[PDB]
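Remarks on the structure that follows.
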Amino acid sequence: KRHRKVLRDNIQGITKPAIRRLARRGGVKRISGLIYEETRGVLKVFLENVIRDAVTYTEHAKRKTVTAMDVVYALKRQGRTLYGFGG
Amino acid sequence: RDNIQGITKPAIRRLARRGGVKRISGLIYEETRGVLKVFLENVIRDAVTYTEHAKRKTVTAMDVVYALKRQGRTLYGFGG
Amino acid sequence: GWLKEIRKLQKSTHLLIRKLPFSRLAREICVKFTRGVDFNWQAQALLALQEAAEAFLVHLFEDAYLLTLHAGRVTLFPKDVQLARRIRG
Amino acid sequence: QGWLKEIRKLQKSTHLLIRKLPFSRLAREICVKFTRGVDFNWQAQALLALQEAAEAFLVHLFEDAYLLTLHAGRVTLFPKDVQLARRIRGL
Amino acid sequence: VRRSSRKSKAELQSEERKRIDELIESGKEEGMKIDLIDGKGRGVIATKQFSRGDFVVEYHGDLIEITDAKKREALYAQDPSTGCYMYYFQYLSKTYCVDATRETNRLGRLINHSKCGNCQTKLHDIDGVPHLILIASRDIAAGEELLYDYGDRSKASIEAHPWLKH
Amino acid sequence: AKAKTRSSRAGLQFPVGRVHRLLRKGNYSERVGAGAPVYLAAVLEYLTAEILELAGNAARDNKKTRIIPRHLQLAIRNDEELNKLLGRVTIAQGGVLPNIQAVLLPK
Amino acid sequence: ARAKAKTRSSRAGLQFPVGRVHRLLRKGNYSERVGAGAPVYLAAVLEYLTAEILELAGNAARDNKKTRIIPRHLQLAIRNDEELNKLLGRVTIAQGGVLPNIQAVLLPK
Amino acid sequence: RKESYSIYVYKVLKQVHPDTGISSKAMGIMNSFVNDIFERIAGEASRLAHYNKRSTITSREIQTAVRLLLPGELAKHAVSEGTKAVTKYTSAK
Amino acid sequence: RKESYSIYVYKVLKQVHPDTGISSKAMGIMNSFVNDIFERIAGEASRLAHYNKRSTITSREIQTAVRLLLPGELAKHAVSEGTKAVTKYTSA
DNA sequence: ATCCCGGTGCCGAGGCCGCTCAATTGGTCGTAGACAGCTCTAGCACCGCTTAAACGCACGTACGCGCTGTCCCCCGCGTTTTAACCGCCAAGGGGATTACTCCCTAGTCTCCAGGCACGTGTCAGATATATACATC
DNA sequence: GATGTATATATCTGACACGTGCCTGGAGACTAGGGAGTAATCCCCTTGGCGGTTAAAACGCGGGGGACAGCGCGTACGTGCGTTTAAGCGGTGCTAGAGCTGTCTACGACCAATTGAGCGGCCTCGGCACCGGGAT
């Protein structure tokens, strides 16, 4: 039984109704249809920054588990101070 | 009194023109004087706090440079 | 129909993107800043990263929709999210 | 033209666009509102640092509030645009 | 005389893209030999120190639209001796299909399916047309077999091929 | 002889001792005054009393008796001073203030 | 003090002062101790960044056909560069002017 | 053994709202808030000390660090409370 | 005895553009830039040392602070420069 | 649809007890910084004069804004389908702790050289006029 | 054909690049100690896998809500010009106040002793969530 071949992207896992719910929480009454790829791009950029700094804070501590304090300090460095994770 | 009116209309217009603005609603002048007064109130409150703490009476250049660095607007050219 | 959802979501506080797809996304981005070696993301750090990403995206959409109510629209186009960022920093 | 020569001329110079003495009097009037009725001397380069900062701020504010009024279809800067460019930045 | 060589990100991405394009249009296929594997059929062993993102192969084939894509797989599947050579991908609200059943001097169609393999497929669009690239997502040594994921979860297919889940 | 904590000498609830130790081992200065920990602890207790008062108010408005992250986000974003202070700060599990632009409501 | 001394900057091949950077790292209360390679690393980084900026500043000054780097040329170099502009984003450069940019929707037809 | 301001935030809570609890998540948020405000005030006081070529963080430096970091009415009231506590601490011996 | 970086920026200039001068205001601006980047890198190294319960600021801490503060290519090249300088310094 | 009301329930919070570590006390010293005093810088004030810039007015026309139409594209709905997720389990890596030792840095003192203020020659660039050309 | 702008020459002027005395800090050598690097251990807690479930995503479709282009009115902004005005510059003055310094005194670091507060494990119970019903 021949099967076809496809792939996934792990960014399309940030699904379309998830961006709809994020928008709606932000107050967005009516969302365009091209805001989804733009939002996945914005999210990937933000994550790239915060995760570069979390992974740096880890690699410096000679660890291999990106603790919650690594991410909290990465956000505190970017200026996104996050309360509630052992700061 | 009315020293904010000393920030003339053509001065705000030249600031805008530098910023790229092509036309300017005649109501942007009072808005810009309000915005400028708020910015100065913040920066001068921090400058005068840095002074009053240093037990001085002349707001130095470093007082204002540290006020700006505190608001997050680091200013290069006057020491640091 | 949209308003029974905006009121329903601005009143709740739970997370919006699912946990597992976001975990796979964060681990796919963490595997290119370590040059292909993977780090055991502590399961309480995926939550912190996700809470930060949701609060960021929600604030970004608040500002974007301040911009799409400015242009007279009600729709939130991509030329908005792209300008609520080019203004913000 | 006319506004276009003024723009090309001002975006290319590096002057201080607000007169020095009116801004001096304004900063000295705000320096009194705090520390009620005690005149702090002002180091003549503190007024320059303060004016450099206020002018870089206002020029960036108009440069950011003109992206909101080319975006809104206008060409004319409005007070709405400045208020929104400030309400987005976080001010 | 002391001059910085910093290679601005625009130039970095441009030179990376030109590198992928020239390595694709040259088809060196440096160090991959086809041999026999104990049960799965054939196998293409890689013999280079592969690492994160380094180029491996191109899944060369014939590119088509979706209306015929959803049909050609079933139409060629009527021959029970065709293996698996056609690849789907959704791109710009449009699906395509890499018709690669006919043997060509490329080594993309010569790979089998796994979920514990060593490579994963990406997309590269050399002047619009998307060529389906394959790069090593992890560190691979010289002497390992090419093995990537077909990503299709047809229920009848997973019933028929228990080695798809492997 | 019999001792009483510095938090009690100052009439605070926060620890003057732990604050002094944190000022010392934090490498903020080569020295630390005697009034510095007391002052900092008094300021911290005041800020926390403010935050917890506003959070208790926002909890009684919802007819609840526990303060939860959402209540802290309400107490913060609604007060002007604190929102200006905790401006860069995201409060996990804090939601957003219900604020739908009046342009959007059906006419 | 025999074996005539060569500055640590000279020993490392830098132009910035390893000695002064060490002294600033010490009397600045950044940490109780300070490594021996910390001043050398930090001074090498500072020299690299200053070379990166003075290179682009001189490029701009010779594009304007001048031979003195001025605040305007530093603002040009920094803001036109893609990464220095991100490192120095919050930073106002006194008498630096702004980048010439009239939005393309403004020009006459 | 990890330190935190849980018991003290709880005492202040029992001061302002006696009949009210605080969930463990809001407890962690108040711990992080107290830690962050402490780091802000103490860092600004360290900076105010080093700017004046002095070495001691005194109540002077903390009062000015508060007057810098906190907005208008928070600043005035926090400075009032700190001064009250310092005079109460040096009065009683 | 006023501290500055003027003569060292002069040296680096005469090393990059050997036939180019620098005005006094641009000298002050480069001075402020060096002071500011030094303050940033040192504060970040201090934060790292405090996070990992260490006591010494070392080349490890300074390298991590450089990698955190400078954007991509600047960070790569600055780390290269600093590593080269440290190896040369410990060799000599 | 959604809030007000009952009753279950459950799980997390609030209180209780034993240990331990760190907060308090007291005494000593050394050094930081408070203070008084002195010098001399530069900030404030004023005033005359120039004149650059602001200003007030008028006019036209560029543009903002409200209205209309049409075309297309979000949204809501219903059905299939899919993959997040929760529990359970198993493993095993690596985080966290601790003990040892060694080497790396602070402290000290002596030496000395480089860099900083200061005086000075000179030249890069900002005008000023003339020449030539771009442009609406 | 003004009206402005690109290009050269003359120049001169304040700012810059450079030589010098010296003095303050940078370098060397040595010692000691304690910070951290290394090794080993324990067990937490992260990863991986499976089954099943079901909540949620995906897809397609209709329709009607909204985006966008066009248009006409009218108003309010830009430009131009003669007038008024206030900034600016140069002087002097002067004097408050910043910067520096020497004394010394109070105040904070340090160190031994101790003891009690707080942190962790145990245990109970009720606040808030959930499932179902009546009212708005």
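Going by the structure tokens order, chains are called A, B, ..., each with residues numbered from 1, while ligands are numbered from 1 in the order shown.
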
Neighbour list for region 116-124 of chain K as a list in words, cut-off 9 Å, only C-alpha atoms (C1' of nucleotides), skip fewer than 6 positions in-chain: residues 1, 2, 3 and 7 of chain H; 15, 16 and 23 of chain J

Test item: chain F residues at most 12 Å from chain K, counting only C-alpha atoms (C1' of nucleotides), as a ChimeraX atom specification: /F:1-5,15,17-18,24,30-36,63-68

Go ahead and write the residues just picked, C-alpha atoms, as a short mmCIF file (atom, residue, chain, number, x, y, z; two decimals), in the first residue's frame.
data_model
loop_
_atom_site.label_atom_id
_atom_site.label_comp_id
_atom_site.auth_asym_id
_atom_site.auth_seq_id
_atom_site.Cartn_x
_atom_site.Cartn_y
_atom_site.Cartn_z
CA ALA F 1 20.85 39.92 77.04
CA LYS F 2 17.30 39.56 75.73
CA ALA F 3 17.03 40.65 72.11
CA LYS F 4 14.26 41.89 69.84
CA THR F 5 14.50 41.82 66.06
CA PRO F 15 12.85 41.55 57.75
CA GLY F 17 17.84 41.40 58.92
CA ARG F 18 17.31 39.62 55.62
CA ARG F 24 25.68 43.08 51.98
CA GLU F 30 31.62 48.31 49.91
CA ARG F 31 29.57 49.23 52.99
CA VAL F 32 25.95 49.51 54.09
CA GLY F 33 24.60 52.10 56.50
CA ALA F 34 22.58 51.16 59.53
CA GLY F 35 19.48 52.95 58.33
CA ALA F 36 19.64 51.54 54.82
CA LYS F 63 -16.78 38.07 45.93
CA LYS F 64 -13.74 35.86 46.47
CA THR F 65 -11.48 35.52 49.50
CA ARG F 66 -8.24 34.45 47.81
CA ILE F 67 -5.90 36.77 45.99
CA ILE F 68 -4.94 35.18 42.67
#

Taking only residues of chain F that have an atom at most 9 Å from an atom of chain C, what is each one's shortest atom pair and its distance in Å to one decimal, using only C-alpha atoms, in chain and number order, as a tab-separated table?
residue	atom	partner	partner_atom	distance
F:69	CA	C:13	CA	9.0
F:70	CA	C:13	CA	7.0
F:90	CA	C:55	CA	6.8
F:91	CA	C:51	CA	8.6
F:92	CA	C:51	CA	6.0
F:93	CA	C:13	CA	5.6
F:94	CA	C:13	CA	5.9
F:95	CA	C:13	CA	4.3
F:96	CA	C:10	CA	5.9
F:97	CA	C:10	CA	6.7
F:98	CA	C:10	CA	5.3
F:99	CA	C:10	CA	8.0
F:100	CA	C:6	CA	8.2
F:101	CA	C:66	CA	8.7
F:103	CA	C:69	CA	8.0
F:104	CA	C:74	CA	8.1
F:105	CA	C:3	CA	8.6

Write to file, as a PDB file, in the first residue's frame, the residues of the selection just made, with N, CA, C and O atoms.
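Output below, filename part.pdb:
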ATOM      1  N   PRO F  69      -3.378  35.558  40.830  1.00  0.00           N
ATOM      2  CA  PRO F  69      -2.652  36.411  39.882  1.00  0.00           C
ATOM      3  C   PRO F  69      -3.520  37.383  39.114  1.00  0.00           C
ATOM      4  O   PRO F  69      -3.119  38.532  38.901  1.00  0.00           O
ATOM      5  N   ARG F  70      -4.707  36.954  38.694  1.00  0.00           N
ATOM      6  CA  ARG F  70      -5.599  37.856  37.980  1.00  0.00           C
ATOM      7  C   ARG F  70      -5.939  39.067  38.830  1.00  0.00           C
ATOM      8  O   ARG F  70      -6.034  40.187  38.321  1.00  0.00           O
ATOM      9  N   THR F  90       5.229  41.531  32.987  1.00  0.00           N
ATOM     10  CA  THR F  90       4.104  40.646  32.738  1.00  0.00           C
ATOM     11  C   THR F  90       3.937  39.736  33.939  1.00  0.00           C
ATOM     12  O   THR F  90       4.917  39.224  34.480  1.00  0.00           O
ATOM     13  N   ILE F  91       2.693  39.529  34.341  1.00  0.00           N
ATOM     14  CA  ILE F  91       2.362  38.792  35.548  1.00  0.00           C
ATOM     15  C   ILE F  91       1.696  37.500  35.125  1.00  0.00           C
ATOM     16  O   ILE F  91       0.541  37.508  34.690  1.00  0.00           O
ATOM     17  N   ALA F  92       2.426  36.396  35.237  1.00  0.00           N
ATOM     18  CA  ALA F  92       1.969  35.137  34.672  1.00  0.00           C
ATOM     19  C   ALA F  92       0.620  34.740  35.241  1.00  0.00           C
ATOM     20  O   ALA F  92       0.362  34.904  36.433  1.00  0.00           O
ATOM     21  N   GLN F  93      -0.242  34.211  34.371  1.00  0.00           N
ATOM     22  CA  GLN F  93      -1.619  33.868  34.718  1.00  0.00           C
ATOM     23  C   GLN F  93      -2.398  35.110  35.125  1.00  0.00           C
ATOM     24  O   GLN F  93      -3.291  35.053  35.966  1.00  0.00           O
ATOM     25  N   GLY F  94      -2.071  36.238  34.511  1.00  0.00           N
ATOM     26  CA  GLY F  94      -2.654  37.492  34.922  1.00  0.00           C
ATOM     27  C   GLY F  94      -3.716  38.039  33.999  1.00  0.00           C
ATOM     28  O   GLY F  94      -4.377  39.017  34.342  1.00  0.00           O
ATOM     29  N   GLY F  95      -3.893  37.436  32.833  1.00  0.00           N
ATOM     30  CA  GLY F  95      -4.908  37.944  31.933  1.00  0.00           C
ATOM     31  C   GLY F  95      -4.640  39.385  31.515  1.00  0.00           C
ATOM     32  O   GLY F  95      -3.598  39.967  31.789  1.00  0.00           O
ATOM     33  N   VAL F  96      -5.623  39.954  30.825  1.00  0.00           N
ATOM     34  CA  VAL F  96      -5.559  41.350  30.424  1.00  0.00           C
ATOM     35  C   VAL F  96      -6.798  42.063  30.936  1.00  0.00           C
ATOM     36  O   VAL F  96      -7.847  41.456  31.156  1.00  0.00           O
ATOM     37  N   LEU F  97      -6.664  43.370  31.124  1.00  0.00           N
ATOM     38  CA  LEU F  97      -7.800  44.170  31.549  1.00  0.00           C
ATOM     39  C   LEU F  97      -8.899  44.130  30.496  1.00  0.00           C
ATOM     40  O   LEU F  97      -8.631  44.348  29.312  1.00  0.00           O
ATOM     41  N   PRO F  98     -10.134  43.877  30.887  1.00  0.00           N
ATOM     42  CA  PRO F  98     -11.224  43.955  29.916  1.00  0.00           C
ATOM     43  C   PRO F  98     -11.379  45.373  29.407  1.00  0.00           C
ATOM     44  O   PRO F  98     -11.823  46.260  30.140  1.00  0.00           O
ATOM     45  N   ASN F  99     -11.025  45.592  28.145  1.00  0.00           N
ATOM     46  CA  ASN F  99     -11.059  46.926  27.557  1.00  0.00           C
ATOM     47  C   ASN F  99     -11.340  46.766  26.072  1.00  0.00           C
ATOM     48  O   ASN F  99     -10.412  46.553  25.286  1.00  0.00           O
ATOM     49  N   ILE F 100     -12.608  46.870  25.693  1.00  0.00           N
ATOM     50  CA  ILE F 100     -13.022  46.816  24.296  1.00  0.00           C
ATOM     51  C   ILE F 100     -13.303  48.243  23.859  1.00  0.00           C
ATOM     52  O   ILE F 100     -14.113  48.941  24.483  1.00  0.00           O
ATOM     53  N   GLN F 101     -12.627  48.679  22.799  1.00  0.00           N
ATOM     54  CA  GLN F 101     -12.795  50.038  22.305  1.00  0.00           C
ATOM     55  C   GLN F 101     -14.264  50.331  22.024  1.00  0.00           C
ATOM     56  O   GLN F 101     -14.968  49.526  21.412  1.00  0.00           O
ATOM     57  N   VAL F 103     -15.627  52.084  19.993  1.00  0.00           N
ATOM     58  CA  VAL F 103     -15.951  52.115  18.572  1.00  0.00           C
ATOM     59  C   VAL F 103     -16.592  50.823  18.096  1.00  0.00           C
ATOM     60  O   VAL F 103     -17.329  50.830  17.104  1.00  0.00           O
ATOM     61  N   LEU F 104     -16.347  49.717  18.799  1.00  0.00           N
ATOM     62  CA  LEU F 104     -16.684  48.382  18.325  1.00  0.00           C
ATOM     63  C   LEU F 104     -18.069  47.911  18.738  1.00  0.00           C
ATOM     64  O   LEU F 104     -18.624  47.027  18.075  1.00  0.00           O
ATOM     65  N   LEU F 105     -18.632  48.462  19.809  1.00  0.00           N
ATOM     66  CA  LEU F 105     -19.923  48.000  20.290  1.00  0.00           C
ATOM     67  C   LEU F 105     -21.010  48.272  19.249  1.00  0.00           C
ATOM     68  O   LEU F 105     -20.967  49.283  18.540  1.00  0.00           O
TER      69      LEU F 105
END

Within 10 Å of chain K: residues of chain I, using only C-alpha atoms (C1' of nucleotides), as a VMD selection string: chain I and resid 1 21 to 24 54 to 56

Neighbours of chain F in chain D at 12 Å, counting only C-alpha atoms, as an MDAnalysis selection string: chainID D and resid 89:91

Restricting it to C-alpha atoms, dump the selection as a PDB file, in the first residue's frame.
ATOM      1  CA  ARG D  89       5.317  53.158  22.794  1.00  0.00           C
ATOM      2  CA  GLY D  90       4.221  52.812  26.401  1.00  0.00           C
ATOM      3  CA  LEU D  91       4.245  56.445  27.469  1.00  0.00           C
TER       4      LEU D  91
END

Atomic separation - CA of residue 27 (chain H) relative to CA of residue 74 (chain F), Å: 15.6 Å

Spatial neighbours of residue 43 (chain F), max dist 9 Å, only C-alpha atoms (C1' of nucleotides), sep filter under 2 positions, as a PyMOL selection string: (chain F and resi 38-41+45-48) or (chain H and resi 66+77-82)

Gap from CA of residue 64 (chain A) to CA of residue 41 (chain G) - Å, one decimal: 25.4 Å

All helix (DSSP H, G or I) residues (DSSP, backbone) inside chain B, as number ranges by chain: B: 4-6, 9-19, 28-54, 61-71

Near-residue 76 (chain D) list (12 Å; only C-alpha atoms (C1' of nucleotides); drop same-chain fewer than 5 positions) as a PyMOL selection string: (chain B and resi 16-17+20-28) or (chain D and resi 62+65-71+81-82) or (chain G and resi 106) or (chain J and resi 62-64) or (chain K and resi 76-78)
